[PDB]
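Written out below as structure tokens is the structure these notes cover.
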Amino acid sequence: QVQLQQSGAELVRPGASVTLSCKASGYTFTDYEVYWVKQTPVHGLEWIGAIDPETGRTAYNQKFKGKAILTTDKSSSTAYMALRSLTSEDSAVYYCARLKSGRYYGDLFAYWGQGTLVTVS
Amino acid sequence: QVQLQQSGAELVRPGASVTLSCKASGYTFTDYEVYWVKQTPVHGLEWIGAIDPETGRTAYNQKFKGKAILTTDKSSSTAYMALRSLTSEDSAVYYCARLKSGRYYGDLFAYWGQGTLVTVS
Amino acid sequence: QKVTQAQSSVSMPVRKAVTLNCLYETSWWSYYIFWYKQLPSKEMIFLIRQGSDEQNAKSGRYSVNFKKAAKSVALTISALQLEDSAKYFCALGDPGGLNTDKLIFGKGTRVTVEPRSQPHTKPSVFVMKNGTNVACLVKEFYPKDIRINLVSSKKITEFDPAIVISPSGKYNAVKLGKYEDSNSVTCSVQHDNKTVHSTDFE
Amino acid sequence: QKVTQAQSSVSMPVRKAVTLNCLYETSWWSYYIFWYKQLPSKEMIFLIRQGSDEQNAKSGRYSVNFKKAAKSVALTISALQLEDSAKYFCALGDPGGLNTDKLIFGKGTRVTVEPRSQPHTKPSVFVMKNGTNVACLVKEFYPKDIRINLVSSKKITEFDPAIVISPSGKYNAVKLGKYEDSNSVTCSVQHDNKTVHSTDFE
Amino acid sequence: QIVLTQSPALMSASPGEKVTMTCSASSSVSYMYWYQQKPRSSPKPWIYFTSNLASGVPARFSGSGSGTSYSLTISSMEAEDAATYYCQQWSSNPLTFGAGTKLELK
Amino acid sequence: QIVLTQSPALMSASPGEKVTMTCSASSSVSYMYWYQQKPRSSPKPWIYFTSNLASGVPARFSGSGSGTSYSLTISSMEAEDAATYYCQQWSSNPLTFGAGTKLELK
Amino acid sequence: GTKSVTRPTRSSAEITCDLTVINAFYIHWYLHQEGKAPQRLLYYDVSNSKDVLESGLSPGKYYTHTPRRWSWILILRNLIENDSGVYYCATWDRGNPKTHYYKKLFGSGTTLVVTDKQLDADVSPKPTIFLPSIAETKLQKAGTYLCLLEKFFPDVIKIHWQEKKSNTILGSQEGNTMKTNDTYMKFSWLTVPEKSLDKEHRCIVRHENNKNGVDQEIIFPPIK
Amino acid sequence: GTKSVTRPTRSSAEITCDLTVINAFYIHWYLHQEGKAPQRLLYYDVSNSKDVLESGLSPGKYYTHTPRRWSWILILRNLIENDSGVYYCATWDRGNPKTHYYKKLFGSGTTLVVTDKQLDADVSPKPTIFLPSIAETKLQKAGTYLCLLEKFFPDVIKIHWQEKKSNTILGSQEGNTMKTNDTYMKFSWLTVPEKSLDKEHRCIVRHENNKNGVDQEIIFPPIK
Ligand SMILES: *[C@@H]1O[C@H](CO)[C@@H](O[C@@H]2O[C@H](CO)[C@@H](O[C@@H]3O[C@H](CO)[C@@H](O)[C@H](O)[C@@H]3O)[C@H](O)[C@H]2NC(C)=O)[C@H](O)[C@H]1NC(C)=O
Ligand SMILES: *[C@@H]1O[C@H](CO)[C@@H](O[C@@H]2O[C@H](CO)[C@@H](O[C@@H]3O[C@H](CO)[C@@H](O)[C@H](O)[C@@H]3O)[C@H](O)[C@H]2NC(C)=O)[C@H](O)[C@H]1NC(C)=O
Ligand SMILES: *[C@@H]1O[C@H](CO)[C@@H](O[C@@H]2O[C@H](CO)[C@@H](O[C@@H]3O[C@H](CO)[C@@H](O)[C@H](O)[C@@H]3O)[C@H](O)[C@H]2NC(C)=O)[C@H](O)[C@H]1NC(C)=O
Ligand SMILES: *[C@@H]1O[C@H](CO)[C@@H](O[C@@H]2O[C@H](CO)[C@@H](O[C@@H]3O[C@H](CO)[C@@H](O)[C@H](O)[C@@H]3O)[C@H](O)[C@H]2NC(C)=O)[C@H](O)[C@H]1NC(C)=O
């Protein structure tokens, strides 16, 4: 079965670069891309990144551009996102997302990770 | 033979309208037009008018336009020119002119009148 | 730049000369005047050209009277034939030095030629039929006014007589019809002082 | 507004699926991607269309993998026939709502198909002549590397062998020549492990 | 960028009642997707097209609406603290979800 | 309007001498015409084209010149107080003659 | 002769140029209408391919095409009424130094007629020949053959007569083209002497919208 | 098939459209060159007669003509090198509501080749047929007829085989078109079984610059 596993919650300093990992199992990582979404109680949830493992092309939100850079590894089948300047109210849950195989459900995010909580001082 | 006869010299007042006549004999008046030239010792001689008896179309010099108006009569075969404001140094000889029959001599004035002298006070 | 010919039409016999006037206005200092002929079968034939500067140009039966100051050009045709039934156009040719200069044509004059010989002849009438179509032919008649007619009780259609000039110099006219009957139709043409039917000439 | 396909050519056997990539950049919010086929006889055949919004569209043997965020379109052909030797073009169709929208094509990919069956066969050679023109035909041979040659003292011209695929699945090759002599010319084709002349097969 | 505003901030639906939640959009959106979330879990896929069902949801859920102001309807409530939280559209390059609608069972 | 200037204001030609009179033009003129005048008489037609003779003049008269600065030449003088007085051109709409050249017999 | 094109309204029309010039630089196009003077529309260059049209004309309506090395065709994009008339191909002649550009050679002129949705009633000359009358009284029964072209929409038509040989044109005196309610009618008649009455006589009609698109040739059988 | 036009430099060229559409509103023209992507040149409207060309192209070079009710022709005014290539006629399909404008139908494409002063060496396919070899050892002397088109300048050529009847296309496997110093050479060969060897075989070559301007039909006589 398709499954995505994410790293646990990490306590972070006001200024640092944090790498969040997401590993996909049950399907071929090369064909499908991984979206990254951030959910916060005040702003809700918004799409913050998208990375295609096959070619490495990345799409960012305009507000989140520059803040987050994503990388992928097909051998380990894991996607990492880097975060900086985390003290600026960036304490939120981070979710992976993947569309249904063959895009059956349109643009709906069929498969989600369990979510990693990031809290900053 | 082609001949043109003109009126004699006339003494004139400083302000008056003077009519100078020119009668053509020896050819058909309707076909050919009559040119009118003024010769003065200071300015030489210049073309001052041209009238076509057949249709009455008239061509004037720009400087002499308005000053002189020409009329023709085919029944009498005579062309008249009217002059006004004659006191302004307009004491000169007036000649009729006609091109050679069939325009053989180009634009040359083949047939001339004897000339009428106009002197003003 | 503007050309006018006020003569709508002119009619002259064969041996009488005709003149055609052309009055133009132009701001060009040196120019040319061209005369063109438009036959009833549309075609432009160059007759003569008169330069504004050179002398009067005569070619064949066509002569030109040129008035530079009055800006008038007249074309005279002397002893015109029967083929001079065409339209005549006067074109103020712009200075032809360039290959791009146009010709400013004017509303042309129409020349019609009447026959010269004037003998008197008695027309001969005939009736020729195909199916329900009947044509009455009147041949070798000088008097233009014939008022040719046909006799028939039933009148389906009728067409105006066509009168043209025979090469002998006389007139030939033809009528038509779509009358219901064929045998009973008989023509009749009125001479300038008499009248003849189709009962004779048979 | 820009489309690229970096694959110059791809070669696959009959029963193996092939994939063709198309990477594009566009500022249009909603658009379509069209796939077209250009046969060796120039003609554009519409294969498939993928809308930016709808799901993955599958038609026949052609499937499309669509990546909206990465903006990538891949065409997969499964169990391709021998007629899939044409060029494949990816066109970023502008929103087709209007009748005036163009298609932004890209440098297409070339697909070549190799035969599936792999038996070993011995070629058969023949020599056929007309006048001074000689053609050596080698028929029913699987090994691509033949290096077919002809023997002749005098060499006028020579043309590269033409090797194509027989409908039986094997290869057929033909050579030509303009040799001076006709009777003495003899062909010879090298099998993948042997060699045969035209002295036999006669 | 479309705000994807949602009219109902909160509801007090009870079993035996059919309720509707509207998700208005500033600009017209072709298709509309919905997500359901539950406490201590990631949002579920749920609806995948206008008036569609996905991932095996109860038949009570349904969708409707024109190109603007899509909606969702449920016929009966049965022990679900949140029938449908969030929206989603990708007609615009910035894919935005919305504030979310929460309806407490009463 | 072309001024049609004439270089020689006066000449003192004598019999047995061939003289030339030039009639320069400010602008180029295609053809050039000349007139001869005598006291108590109208100007005679005389020349009618460049290098031409008209109205029965002595053969001694002749013309020459390019499109600008035409001239006239006479071979011998014989009891003529004025061989050729005036010029004329009609290449321009204002037809102008010129001052005139007078040559007293000496 | 004179050709004709009868393309309907809102449809491109093509007019050929009958001039035979091997070194033409500019080719001018003139338009002549009934009761109005001919006026130039445009002129197309040869050394360079652009064409220049006079003021007052919308750009793109007139185009010039050269299918061959020397064959100019004027193409009208969209046709409306008032665009009818005779189109003439013109070009300046030789002799620039002497007899300076003596003529502007004009073409035979193509008549353009713009109608609405065509006639659609099989408009083509429908002859109805007449037999000579009994006329042994005068002209030894020379007779007068008649070629009566009945119903044809385009105005232009060329009727001329011939014997079994086509070397010499027979002299036939035309009638007139009357305007029947929706068509045009014309007729020709010819008198042939008895010395040549033994020959069959062909009436040749040249006309656009003609069946097979060729010059129709009606045959009058000979009578001794 | 695919046609071709080989008009020389500095001469207008005409390309026809093979589309059969009865309600087209816009007709687009595409250009494809070797090693480059197809790019639209212009599109001509039908409801109104003006045509719109893309930026970067000089106005007046491309024109659209409609000789018939539905027959579009693209005319290039002045030809220079780099203007060669395949020209495609394109138009949007039906089904706007569902399967929204599913296809952009493309024409067969006309190849335009621009040369200098033509070849002038009678460039036309010059066949040289080959007789079957003695092959009674294998395939019961099936043989292989050869159609060897020798010297022709334009690249495009369509060789296909037929029997005395033209109903069914015979399967003939082509060679290749080598580039001789100034021309192109191609050849076809066909194997026919003995059961049908009794029939004469026609090799049909479709080619521009062909004598009589028709599809040449070389005949191989039958052998029992
Ligand atoms: C009245 O005029 C009509 C219309 O021209 C005549 O009919 C035409 O007659 C000619 C012979 O005189 C026919 O030509 C020949 O007819 C047949 C059938 O085609 C054949 O021998 C030849 O191929 C040739 O065409 C002509 O076809 C015919 N036209 C029609 C429309 O029927 C008619 O004969 C005239 N009546 C009299 C009494 O002269
Ligand atoms: C042009 O076409 C019109 C169409 O209305 C023609 O009108 C025609 O009028 C006549 C009566 O004047 C109708 O009857 C016809 O009368 C005579 C005999 O009396 C004859 O032509 C026919 O046998 C017919 O009976 C005729 O039906 C009618 N045509 C129609 C309705 O199509 C008009 O005469 C024509 N003009 C011409 C030919 O100059
Ligand atoms: C070698 O190839 C040449 C080129 O094709 C062959 O010449 C061609 O032979 C065929 C018959 O096999 C000729 O067709 C017929 O020829 C005559 C004369 O025209 C006549 O019966 C028919 O009208 C028909 O055309 C063909 O014309 C001829 N071609 C030329 C250019 O001469 C030649 O026969 C071949 N040699 C052998 C030994 O097969
Ligand atoms: C394309 O045309 C050129 C034109 O120069 C051809 O050059 C040709 O060169 C050969 C020598 O290489 C000259 O002699 C020829 O040689 C062989 C036999 O040795 C044979 O082809 C001929 O019988 C001839 O003797 C030949 O004259 C010359 N051609 C000329 C000057 O027109 C070149 O070979 C051609 N390229 C091809 C066909 O691929």
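Ordering of the structure tokens sets the chain letters (A, B, ...); residue numbers start at 1 within each chain; ligands are numbered from 1 in the order shown.
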Could the residues of chain H that have an atom at most 8 Å from chain D be listed as a tab-separated table, each with its closest atom pair and the distance in Å to one decimal, counting only C-alpha atoms and ordered by chain and ascending residue number?
residue	atom	partner	partner_atom	distance
H:1	CA	D:41	CA	7.3
H:2	CA	D:42	CA	6.7
H:25	CA	D:99	CA	7.7
H:26	CA	D:99	CA	6.6
H:35	CA	D:107	CA	7.0
H:36	CA	D:107	CA	5.9
H:37	CA	D:107	CA	4.8
H:38	CA	D:105	CA	5.8
H:39	CA	D:105	CA	7.1
H:40	CA	D:102	CA	6.9
H:43	CA	D:100	CA	7.6
H:92	CA	D:99	CA	6.6
H:96	CA	D:97	CA	7.6
H:100	CA	D:96	CA	7.4
H:101	CA	D:96	CA	6.3
H:102	CA	D:49	CA	7.0
H:103	CA	D:46	CA	6.4
H:104	CA	D:46	CA	7.6
H:105	CA	D:46	CA	7.6
H:106	CA	D:44	CA	5.9
H:107	CA	D:43	CA	6.9
H:108	CA	D:43	CA	5.0
H:109	CA	D:43	CA	6.5
H:128	CA	D:130	CA	7.5
H:129	CA	D:130	CA	7.0
H:130	CA	D:130	CA	5.4
H:131	CA	D:128	CA	6.4
H:132	CA	D:128	CA	6.4
H:133	CA	D:128	CA	5.4
H:134	CA	D:202	CA	7.0
H:135	CA	D:202	CA	6.9
H:137	CA	D:201	CA	6.4
H:173	CA	D:164	CA	7.2
H:174	CA	D:164	CA	7.6
H:175	CA	D:162	CA	5.3
H:176	CA	D:162	CA	6.3
**Asked** If you count only C-alpha atoms and all ligand atoms, which residues end up within 6 Å of ligand 2, as a ChimeraX atom specification?
**Response** /C:156 /G:180-181
Those same residues - N, CA, C and O atoms - I'd like them written as a tab-separated table (two decimals), in the first residue's frame.
chain	number	residue	atom	x	y	z
C	156	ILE	N	-47.57	37.20	-78.34
C	156	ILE	CA	-46.89	36.69	-77.15
C	156	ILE	C	-45.83	37.67	-76.67
C	156	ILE	O	-45.91	38.21	-75.56
G	180	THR	N	-33.76	41.27	-71.57
G	180	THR	CA	-34.92	40.55	-71.07
G	180	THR	C	-34.88	40.56	-69.54
G	180	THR	O	-33.81	40.70	-68.93
G	181	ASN	N	-36.05	40.42	-68.92
G	181	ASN	CA	-36.28	40.67	-67.49
G	181	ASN	C	-35.11	40.27	-66.59
G	181	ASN	O	-34.79	40.98	-65.64
Contacts from chain E to chain A, 12 Å maximum, only C-alpha atoms: show me the residue list as a compact mmCIF listing (two decimals) with N, CA, C and O atoms, in the first residue's frame.
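Result file out_4.txt:
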# COMPACT_ATOMS: atom_id res chain seq x y z
N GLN E 1 -4.22 34.15 -7.66
CA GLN E 1 -4.52 33.93 -6.25
C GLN E 1 -5.99 34.20 -5.95
O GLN E 1 -6.48 35.31 -6.14
N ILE E 2 -6.69 33.17 -5.48
CA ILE E 2 -8.10 33.26 -5.13
C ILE E 2 -8.25 32.97 -3.64
O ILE E 2 -7.68 31.99 -3.14
N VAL E 3 -8.99 33.83 -2.94
CA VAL E 3 -9.06 33.75 -1.49
C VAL E 3 -9.76 32.47 -1.04
O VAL E 3 -9.40 31.88 -0.01
N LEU E 4 -10.76 32.02 -1.80
CA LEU E 4 -11.54 30.82 -1.46
C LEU E 4 -12.25 30.98 -0.11
O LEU E 4 -12.12 30.14 0.78
N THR E 5 -13.00 32.06 0.02
CA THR E 5 -13.69 32.34 1.28
C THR E 5 -14.78 31.31 1.53
O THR E 5 -15.36 30.74 0.59
N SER E 30 -12.88 26.13 -12.46
CA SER E 30 -13.52 25.07 -13.25
C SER E 30 -14.04 23.95 -12.36
O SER E 30 -15.25 23.70 -12.29
N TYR E 31 -13.14 23.26 -11.67
CA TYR E 31 -13.50 22.16 -10.78
C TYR E 31 -13.10 22.49 -9.35
O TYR E 31 -12.21 23.31 -9.11
N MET E 32 -13.76 21.84 -8.41
CA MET E 32 -13.60 22.13 -6.99
C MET E 32 -13.36 20.84 -6.23
O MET E 32 -14.05 19.85 -6.45
N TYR E 33 -12.39 20.86 -5.32
CA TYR E 33 -12.04 19.71 -4.51
C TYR E 33 -12.24 20.04 -3.04
O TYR E 33 -12.13 21.19 -2.63
N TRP E 34 -12.51 19.01 -2.24
CA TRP E 34 -12.76 19.19 -0.81
C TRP E 34 -11.92 18.21 -0.01
O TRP E 34 -11.55 17.14 -0.49
N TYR E 35 -11.62 18.59 1.23
CA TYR E 35 -10.89 17.76 2.17
C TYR E 35 -11.61 17.75 3.51
O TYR E 35 -12.19 18.76 3.93
N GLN E 36 -11.55 16.61 4.19
CA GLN E 36 -12.04 16.48 5.56
C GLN E 36 -10.87 16.19 6.48
O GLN E 36 -10.02 15.34 6.17
N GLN E 37 -10.82 16.90 7.60
CA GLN E 37 -9.78 16.71 8.60
C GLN E 37 -10.41 16.31 9.93
O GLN E 37 -11.56 16.65 10.21
N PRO E 39 -9.21 15.64 14.30
CA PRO E 39 -8.14 15.97 15.25
C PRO E 39 -7.06 14.90 15.29
O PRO E 39 -7.34 13.70 15.21
N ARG E 40 -5.81 15.35 15.41
CA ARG E 40 -4.64 14.48 15.48
C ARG E 40 -4.55 13.57 14.26
O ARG E 40 -4.24 12.38 14.36
N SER E 41 -4.81 14.14 13.09
CA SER E 41 -4.70 13.39 11.84
C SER E 41 -4.55 14.37 10.69
O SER E 41 -4.89 15.56 10.80
N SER E 42 -4.04 13.86 9.57
CA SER E 42 -3.90 14.65 8.35
C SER E 42 -5.23 14.71 7.60
O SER E 42 -6.07 13.81 7.74
N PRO E 43 -5.46 15.76 6.82
CA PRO E 43 -6.72 15.86 6.07
C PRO E 43 -6.90 14.69 5.11
O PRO E 43 -5.95 14.24 4.46
N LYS E 44 -8.13 14.19 5.04
CA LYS E 44 -8.45 13.07 4.18
C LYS E 44 -8.72 13.55 2.75
O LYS E 44 -9.06 14.72 2.54
N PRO E 45 -8.57 12.67 1.76
CA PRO E 45 -8.82 13.10 0.37
C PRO E 45 -10.25 13.57 0.13
O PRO E 45 -10.45 14.68 -0.36
N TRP E 46 -11.24 12.74 0.45
CA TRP E 46 -12.67 13.09 0.33
C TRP E 46 -12.95 13.46 -1.13
O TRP E 46 -12.40 12.83 -2.04
N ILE E 47 -13.78 14.48 -1.38
CA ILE E 47 -14.28 14.84 -2.70
C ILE E 47 -13.13 15.08 -3.67
O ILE E 47 -12.10 15.64 -3.29
N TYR E 48 -13.29 14.67 -4.93
CA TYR E 48 -12.26 14.88 -5.94
C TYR E 48 -12.75 15.63 -7.17
O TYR E 48 -11.93 15.94 -8.04
N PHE E 49 -14.04 15.91 -7.27
CA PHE E 49 -14.59 16.73 -8.35
C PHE E 49 -15.93 17.27 -7.87
O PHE E 49 -16.50 16.78 -6.89
N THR E 50 -16.43 18.27 -8.58
CA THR E 50 -17.73 18.83 -8.24
C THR E 50 -18.80 17.75 -8.32
O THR E 50 -18.96 17.11 -9.36
N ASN E 52 -18.87 14.83 -6.70
CA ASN E 52 -18.23 13.52 -6.78
C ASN E 52 -17.87 13.04 -5.38
O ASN E 52 -17.88 13.80 -4.41
N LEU E 53 -17.55 11.75 -5.28
CA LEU E 53 -17.13 11.13 -4.03
C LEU E 53 -15.89 10.29 -4.28
O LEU E 53 -15.75 9.68 -5.34
N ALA E 54 -14.99 10.26 -3.29
CA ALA E 54 -13.74 9.52 -3.44
C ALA E 54 -13.31 8.96 -2.10
O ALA E 54 -13.75 9.42 -1.04
N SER E 55 -12.45 7.95 -2.15
CA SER E 55 -11.82 7.29 -1.00
C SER E 55 -12.82 6.53 -0.14
O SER E 55 -12.47 6.15 0.99
N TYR E 85 -13.89 19.87 6.24
CA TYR E 85 -13.22 21.08 6.69
C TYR E 85 -12.90 22.03 5.54
O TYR E 85 -13.41 23.15 5.49
N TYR E 86 -12.05 21.60 4.61
CA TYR E 86 -11.34 22.53 3.75
C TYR E 86 -11.72 22.36 2.29
O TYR E 86 -12.25 21.32 1.87
N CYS E 87 -11.43 23.39 1.51
CA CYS E 87 -11.60 23.39 0.06
C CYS E 87 -10.23 23.31 -0.61
O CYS E 87 -9.19 23.31 0.04
N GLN E 88 -10.25 23.24 -1.94
CA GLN E 88 -9.04 23.34 -2.74
C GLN E 88 -9.42 23.52 -4.20
O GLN E 88 -10.37 22.89 -4.69
N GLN E 89 -8.69 24.39 -4.88
CA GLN E 89 -8.78 24.52 -6.33
C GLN E 89 -7.39 24.77 -6.89
O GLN E 89 -6.53 25.34 -6.21
N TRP E 90 -7.18 24.33 -8.13
CA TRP E 90 -5.92 24.59 -8.81
C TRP E 90 -6.16 25.20 -10.19
O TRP E 90 -5.35 25.02 -11.10
N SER E 91 -7.27 25.92 -10.35
CA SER E 91 -7.46 26.70 -11.57
C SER E 91 -6.47 27.85 -11.65
O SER E 91 -6.17 28.33 -12.74
N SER E 92 -5.96 28.29 -10.51
CA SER E 92 -4.95 29.33 -10.43
C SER E 92 -3.64 28.72 -9.95
O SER E 92 -3.64 27.77 -9.17
N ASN E 93 -2.52 29.27 -10.43
CA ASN E 93 -1.22 28.75 -10.04
C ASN E 93 -1.00 28.73 -8.53
O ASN E 93 -0.50 27.71 -8.03
N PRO E 94 -1.33 29.77 -7.75
CA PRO E 94 -1.28 29.62 -6.30
C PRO E 94 -2.44 28.77 -5.80
O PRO E 94 -3.59 29.22 -5.78
N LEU E 95 -2.15 27.54 -5.39
CA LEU E 95 -3.17 26.60 -4.95
C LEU E 95 -3.44 26.89 -3.47
O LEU E 95 -2.58 26.69 -2.62
N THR E 96 -4.64 27.39 -3.18
CA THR E 96 -5.02 27.79 -1.83
C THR E 96 -6.23 27.00 -1.38
O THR E 96 -7.08 26.61 -2.18
N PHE E 97 -6.31 26.77 -0.06
CA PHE E 97 -7.33 25.90 0.52
C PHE E 97 -8.51 26.68 1.09
O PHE E 97 -9.65 26.49 0.66
N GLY E 98 -8.25 27.56 2.05
CA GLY E 98 -9.29 28.29 2.73
C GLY E 98 -9.20 28.12 4.24
O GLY E 98 -8.45 27.30 4.76
N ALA E 99 -10.01 28.92 4.93
CA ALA E 99 -9.99 28.91 6.39
C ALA E 99 -10.48 27.58 6.96
O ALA E 99 -9.90 27.08 7.93
N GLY E 100 -11.52 27.00 6.38
CA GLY E 100 -12.07 25.76 6.88
C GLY E 100 -13.33 25.99 7.70
O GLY E 100 -13.46 26.98 8.43
N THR E 101 -14.27 25.06 7.58
CA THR E 101 -15.53 25.12 8.31
C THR E 101 -15.61 23.97 9.29
O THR E 101 -15.41 22.81 8.91
**Asked** Which is closest to chain D among A:88, A:101, A:3, A:71, if we use only C-alpha atoms?
**Response** A:101
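The list of residues with at least one atom within 9 Å of residue C:62, based on only C-alpha atoms and without residues fewer than 5 positions apart in the same chain, reads residues 47, 48, 57, 75, 76, 77 and 78 of chain C.
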**Message:** Please identify all protein, DNA and RNA residues within 10 Å of ligand 4, counting only C-alpha atoms and all ligand atoms, and report them as a PyMOL selection string.
**Reply:** (chain D and resi 154-159+178-180) or (chain H and resi 178-183)
Take the selection from the previous step and output its residues with C-alpha atoms, as a JSON list (two decimals), in the first residue's frame.
[["chain", "number", "residue", "atom", "x", "y", "z"],
["D", 154, "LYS", "CA", 36.79, -1.80, -63.33],
["D", 155, "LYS", "CA", 34.95, 0.45, -60.86],
["D", 156, "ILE", "CA", 32.86, 3.26, -62.35],
["D", 157, "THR", "CA", 30.51, 4.13, -59.46],
["D", 158, "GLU", "CA", 29.11, 2.52, -56.31],
["D", 159, "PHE", "CA", 26.17, 3.23, -54.01],
["D", 178, "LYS", "CA", 27.38, 1.03, -62.90],
["D", 179, "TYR", "CA", 30.22, -1.37, -63.70],
["D", 180, "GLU", "CA", 31.73, -1.41, -67.19],
["H", 178, "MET", "CA", 20.95, 9.18, -52.26],
["H", 179, "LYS", "CA", 22.20, 12.64, -53.22],
["H", 180, "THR", "CA", 24.14, 12.44, -56.46],
["H", 181, "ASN", "CA", 26.29, 15.54, -57.07],
["H", 182, "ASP", "CA", 23.36, 17.56, -58.46],
["H", 183, "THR", "CA", 20.35, 15.20, -58.32]]
**Prompt:** What lies within 9 Å of stretch 191-201 of chain G using only C-alpha atoms, ignoring chain neighbours under 2 positions off, as a PyMOL selection string?
**Reply:** chain G and resi 139-145+161-164+171-172+189+203+218-224
